[PDB]
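Chain identifiers are assigned alphabetically (A, B, ...) following the order of the sequence lines, protein sequences preceding nucleic acid strands; residue numbering begins at 1 within each chain.
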Amino acid sequence: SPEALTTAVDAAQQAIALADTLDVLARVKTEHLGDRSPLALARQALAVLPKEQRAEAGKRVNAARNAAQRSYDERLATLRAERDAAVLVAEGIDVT
Amino acid sequence: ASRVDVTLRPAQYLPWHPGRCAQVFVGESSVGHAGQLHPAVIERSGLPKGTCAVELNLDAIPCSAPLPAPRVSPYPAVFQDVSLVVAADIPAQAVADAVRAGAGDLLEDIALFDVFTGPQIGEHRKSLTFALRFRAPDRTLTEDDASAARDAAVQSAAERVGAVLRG
Amino acid sequence: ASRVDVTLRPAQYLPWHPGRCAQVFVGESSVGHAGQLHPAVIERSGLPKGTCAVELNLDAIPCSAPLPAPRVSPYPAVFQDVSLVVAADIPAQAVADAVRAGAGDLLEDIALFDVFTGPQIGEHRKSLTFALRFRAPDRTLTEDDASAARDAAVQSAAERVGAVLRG
RNA sequence: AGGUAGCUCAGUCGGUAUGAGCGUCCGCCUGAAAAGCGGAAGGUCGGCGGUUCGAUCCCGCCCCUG
């Protein structure tokens, strides 16, 4: 259902920002962006509808899917940056 | 091999690991760096994990022609150990320098052989234990005279790096 | 430092420990001894316990002027380990020589890294495990061709020191 | 003519990459190994841009080898 996708983006962008662990975010991904995700089921249903309803219904699906991707990508890079930074601190030694 | 004294100091300088990198000084002149390479550099470069590296500028190391004239004392030595608690980020070389500065001329050798952390010590702290060898040049050093030099070494460590004698 | 190959063989020669003494040979010529000193010699002499010693005759070591011309194969290597049970008094160098003699030219490196005794092996026995690195000079060696060289190495160890492949 | 997982390759004709061997990492096995089986992780599909609601797939240019 087009324009009803805004409830799936809000449910994803808040579940993505809530994850503070790479393992938690890995499960949040497949639930909201995986092959079985509702946002993925909206893209698979773009070749069965007629041609006249394909240029506009897909623009609302691609906009709702790219909005959730950016929230995931920016959250994945953030959590991986914090992980990498913590390794450098934990690996500190007395060089003298 | 160059017959020069060198100090190693904490530093951050790519491609070395910011927590496992030392800058090498001869006197107050920097001559290079050493330590483990940055894990991100290692990953992007396809290098083995944990690869380490060192680079020095030989032309910055002045050629030394020392003519030692050592005087060896044959008198017996006194062996004593001291255990000092400092903040965890106090470099071990600074604690030893402070001990050496307080011990005076009677101190012949100092060697760190234990670095301990745990609930016995407390958080943000670490315990260091040094083996001290005292020796007089003209007499058999007494246990008390050595302890006076040890007490002065402990007092010096307390003033310079905040070392607390362990109890 | 002398650029000579040396073999060490069990020997009994005072003041060395009869069970921890090696005689040193260059070819078939004896050049000296090494190992731990006899505990009775150490006791009577007031020496530190466990004192070790070595003495070689330099004039018996012929001066060598080798001109190496190595050929380095760039082709990939095959890594395989072999575990061999021998009698406990079979010297480990004899087992390695037998493995090397059976492996042939494909064997680039052999390294002993485990010496094991226990009820799994049996009394009067010991198990030795070697790391083998095979490499061909003109082709990428296959896993099978390396195993054929390994099987021949195991057969050679069986015939010369009675080594039994561990199972 | 091809470029696709770290490697070697099969394959996908605009709206789901799907994979196979090696390698790697685990599990069984060994006191520990190797070798074995067994499981698994593992992919802006050569780069920059058109076109398109959407490009590994079509168009332009460029990089790479035969």
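The separation of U12(D) from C53(D), taken at their P atoms, amounts to 28 Å, rounded to a whole angstrom. With P as the reference atom, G23(D) and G36(D) are 8 Å apart, rounded to whole Å. Between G50(D) and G14(D), the distance separating the two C1' atoms is 16 Å to the nearest Å. The same atom, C1', is picked in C7(D) and in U30(D); the two are 30 Å apart, to the nearest Å. Between the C1' atoms of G3(D) and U8(D), the separation comes to 13 Å (whole Å). Between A5(D) and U18(D), the distance separating the two P atoms is 16 Å to the nearest Å. Comparing the same atom, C1', in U52(D) and in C9(D) gives a spacing of 32 Å after rounding to whole Å. Taking atom P on both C48(D) and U56(D), the two are 12 Å apart, rounded to the nearest angstrom.
In this structure, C48(D) forms a base pair with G60(D), meeting the Watson-Crick or G-U wobble definition at 3.5 Å. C37(D) and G27(D) are base-paired: they meet the Watson-Crick or G-U wobble geometry, with both hydrogen-bonding distances under 3.5 Å. Taken together, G36(D) and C28(D) meet the test for a Watson-Crick or G-U wobble pair: both N-N or N-O distances fall under 3.5 Å.
For the neighbouring bases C37(D) and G38(D), a stacking contact is recorded, both ring-centre distance under 5.5 Å and ring-plane angle under 30° holding. Judged on ring centres (limit 5.5 Å) and ring planes (limit 30°), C61(D) and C62(D) form a stacked step. Stacking between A20(D) and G21(D) holds, as the six-membered ring centres sit under 5.5 Å apart and the ring planes differ by under 30°. The six-membered base rings of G42(D) and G43(D) fail the test of centres under 5.5 Å apart and planes under 30 degrees, so these neighbours do not stack. Both conditions of the stacking definition, centres under 5.5 Å apart and planes under 30° apart, are not jointly satisfied by the base rings of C13(D) and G14(D).
Nucleotide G50(D) is shown with a syn base, its glycosidic torsion being within 90° of 0.
In this entry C45(D) carries a south-puckered sugar, per its negative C1'-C2'-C3'-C4' angle.
Within the shown strands, nothing qualifies as a pairing partner of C45(D) under the Watson-Crick or G-U definition with both distances less than 3.5 Å. A 3.5 Å limit on both hydrogen-bonding distances identifies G21(D) as the Watson-Crick or G-U partner of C7(D). Pairing of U16(D), defined by two Watson-Crick or G-U wobble distances under 3.5 Å, is not identified with any nucleotide.
If you measure from atom CZ of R65(A) to atom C1' of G54(D), you get 10 Å, rounded to the nearest angstrom. Remark: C1' of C53(D) and CG of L39(A) are 16 Å apart, rounded to the nearest angstrom.
Side-chain contact check for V164(B) versus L84(B): every heavy-atom pair is 4.5 Å or farther apart. Contact annotation: the side chain of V82(C) never approaches that of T129(C) to less than 4.5 Å [non-hydrogen atoms, C-beta and beyond]. Using a 4.5 Å heavy-atom cutoff, the side chains of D114(B) and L128(B) are not in contact. Between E31(A) and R36(A), the closest side-chain pair of non-hydrogen atoms is not below 4.5 Å.
The two residues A157(B) and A98(B) have their closest heavy-atom pair at CA-CB, 3.7 Å.
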Side chains of residues 19-42 of chain B: which donor-acceptor partners sit under 3.5 Å, not counting sequence neighbours?
| residue | atom | partner | partner atom | Å |
| --- | --- | --- | --- | --- |
| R20(B) | NE | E91(A) | O | 2.5 |
| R20(B) | NH1 | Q36(B) | OE1 | 2.8 |
| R20(B) | NH2 | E91(A) | O | 3.4 |
| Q23(B) | NE2 | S30(B) | OG | 2.8 |
| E28(B) | OE1 | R9(B) | NH1 | 3.2 |
| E28(B) | OE1 | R9(B) | NH2 | 3.4 |
| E28(B) | OE2 | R9(B) | NH2 | 3.1 |
| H38(B) | ND1 | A40(B) | N | 2.9 |

Expected list for residues 13-28 of chain A: side-chain donor-acceptor pairs under 3.5 angstrom, two or more places apart:
| residue | atom | partner | partner atom | Å |
| --- | --- | --- | --- | --- |
| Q13(A) | NE2 | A67(A) | O | 3.3 |
| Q13(A) | NE2 | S71(A) | OG | 3.0 |

Completion exercise
In 5'-to-3' order, the base (B), backbone-only (S) or no-contact (-) status of each nucleotide in nucleotides 11-38 of chain D, using a 4.0 angstrom heavy-atom cut-off, is ----BB-------------SBBBS----
